[PDB]
Amino acid sequence: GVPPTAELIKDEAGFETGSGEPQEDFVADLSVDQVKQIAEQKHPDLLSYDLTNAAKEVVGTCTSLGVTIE
Amino acid sequence: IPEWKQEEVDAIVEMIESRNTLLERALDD
Amino acid sequence: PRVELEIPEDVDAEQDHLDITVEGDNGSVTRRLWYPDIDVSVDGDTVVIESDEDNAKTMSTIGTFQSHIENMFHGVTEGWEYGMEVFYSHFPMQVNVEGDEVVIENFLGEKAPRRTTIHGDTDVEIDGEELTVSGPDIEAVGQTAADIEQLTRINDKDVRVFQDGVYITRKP
RNA sequence: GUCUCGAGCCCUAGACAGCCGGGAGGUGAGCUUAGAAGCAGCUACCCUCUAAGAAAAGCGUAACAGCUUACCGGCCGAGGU
Ligand SMILES: [Mg+2]
């Protein structure tokens, strides 16, 4: 029912494309409050118990695209 | 005795106080 | 070295010279086990394969004799089963058992019937498209099963187009 | 083929092999692209659950799927490499 994480980052960032080279080329930007809201949405999709460890999985897609957290 | 076996035997004792042969070695303790 | 084999309750094995005869509820398998300085015996109800020598050549046979005895035990208890399925593409092949020999007719369109022979006691029974080779002596069964597949050997043409013939489906 | 000898490393906290079981999710990585979802190509190769499980090693598919391989567990029981 709930759409994927790859389609949830492009809504609260600005850009719709990735990059020619991941990690090295920094395109999009997120924040502290901009990650704890994407964690409020996914529950049957994630295997994590805590609300702390659930955040670590969203980041596991971001640094491999070109996103810097402030 | 490899290091990983000892770190595991002690980690099983951490969930007893609070492989099948690695459970047995944690039971006798 | 020495290897002691426990003979089951359904099984009874007797010795006469170098010959071993294994009797049970499925039949009687007689075999001749011979090799230098190896002696096989029956200690009442255990089979003992022992030799004073421990060289690799001797260890090869002590091992082979064990599997020849262990497999003779299964022969007299449960028995040996090899399953075969007849396959044909264009020609209506007929596989009928006639006497102490299994016969195949009209193979690839031939007027001449291809006939093999049943080795020993072995029972080859057909249930339409299937065939099941069964018996106590694995030596006779595995060979009678082979003889059937091998009877449809075609070396003259490409086997990838001409795939007709009985094949082995189930190996025990 | 077989015999004798030495050396390093693994092993009853159960090795080697074999057979069984498991082989998970975020997630079809992203870009490339109508498409590529372990496995065309470029670059990265990151973290959850757990006893394990690769940004996938080998095959396989137009692509999925399927089969395994790393990796964990069980059976077994003695030396193994
Ligand atoms: Mg020709």
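Protein chains in written order, with the working numbering: chain A, 1 to 70; chain B, 1001 to 1029; chain C, 2001 to 2172. Idealized CB from N, CA, C, for every residue including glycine.
Give me the Cα-Cα distance between residue i and residue j, rounded to the nearest whole angstrom.
i: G2142 of chain C; j: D1010 of chain B; result: 55 Å
i: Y49 of chain A; j: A55 of chain A; result: 11 Å
i: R2114 of chain C; j: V2086 of chain C; result: 14 Å
i: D2052 of chain C; j: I2062 of chain C; result: 12 Å
i: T2144 of chain C; j: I2118 of chain C; result: 6 Å
i: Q2066 of chain C; j: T2122 of chain C; result: 23 Å
i: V2161 of chain C; j: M2084 of chain C; result: 20 Å
i: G2128 of chain C; j: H2090 of chain C; result: 18 Å
i: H43 of chain A; j: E1008 of chain B; result: 31 Å
i: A2013 of chain C; j: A2140 of chain C; result: 19 Å
i: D29 of chain A; j: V35 of chain A; result: 11 Å
i: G2079 of chain C; j: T2152 of chain C; result: 26 Å
Have a look at the options and flag the residue whose alpha-carbon is nearest the alpha-carbon of residue i.
i: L2108 of chain C; options: C:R2115, C:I2118, C:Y2088 and C:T2116; result: C:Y2088
i: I2154 of chain C; options: C:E2110, C:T2117 and C:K2171; result: C:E2110
i: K2057 of chain C; options: C:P2001, C:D2158 and C:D2156; result: C:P2001
i: residue 1986 of chain C; options: C:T2077, C:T2132 and C:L2018; result: Outside the displayed range of chain C (2001 to 2172) lies residue 1986 of chain C, so it cannot be described from this structure.
i: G2099 of chain C; options: C:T2116, C:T2064, C:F2073 and C:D2156; result: C:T2116
i: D2147 of chain C; options: C:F2162, C:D2156 and C:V2124; result: C:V2124
i: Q2015 of chain C; options: C:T2030, C:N2026, C:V2003 and C:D2025; result: C:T2030
i: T63 of chain A; options: A:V2, A:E16, A:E24 and A:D11; result: A:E24
i: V2003 of chain C; options: C:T2046, C:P2136, C:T2169 and C:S2134; result: C:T2046
i: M1015 of chain B; options: B:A1026, B:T1021, B:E1003 and B:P1002; result: B:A1026
i: residue 1941 of chain C; options: C:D2164, C:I2007, C:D2054 and C:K2157; result: Limits of chain C in this structure are 2001 at one end and 2172 at the other, which puts residue 1941 of chain C out of reach.
i: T2021 of chain C; options: C:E2149, C:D2156, C:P2136 and C:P2036; result: C:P2136
i: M2093 of chain C; options: C:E2130, C:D2054, C:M2059 and C:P2172; result: C:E2130
i: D1028 of chain B; options: B:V1013, B:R1019 and B:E1003; result: B:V1013
Should residue i and residue j be called a contact, given that it needs their Cβ atoms to be closer than 9 Å?
i: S31 of chain A; j: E70 of chain A; result: yes
i: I38 of chain A; j: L65 of chain A; result: no
i: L2005 of chain C; j: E2081 of chain C; result: no
i: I2104 of chain C; j: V2159 of chain C; result: no
i: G2075 of chain C; j: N2026 of chain C; result: yes
i: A13 of chain A; j: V67 of chain A; result: yes
i: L2033 of chain C; j: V2042 of chain C; result: no
i: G2120 of chain C; j: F2073 of chain C; result: no
i: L1023 of chain B; j: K1005 of chain B; result: no
To test your reading of the DSSP string, which unbroken alpha helix (DSSP H) runs of 4 or more residues are found completely within the segment 7–66 of chain A? DSSP runs (the alpha helix (DSSP H)) wholly in the segment 7–66 of chain A: 53–62.
At 4 residues or longer, what runs of the alpha helix (DSSP H) sit wholly inside the segment 2133–2161 of chain C? Entirely contained in the segment 2133–2161 of chain C, the alpha helix (DSSP H) runs reaching 4 residues are, in chain order, 2138–2150.
Taking the runs of the beta strand (DSSP E) that are 3 residues or longer, which of them lie wholly in the segment 2090–2134 of chain C? Correct list: 2094–2098, 2101–2105 and 2123–2127.
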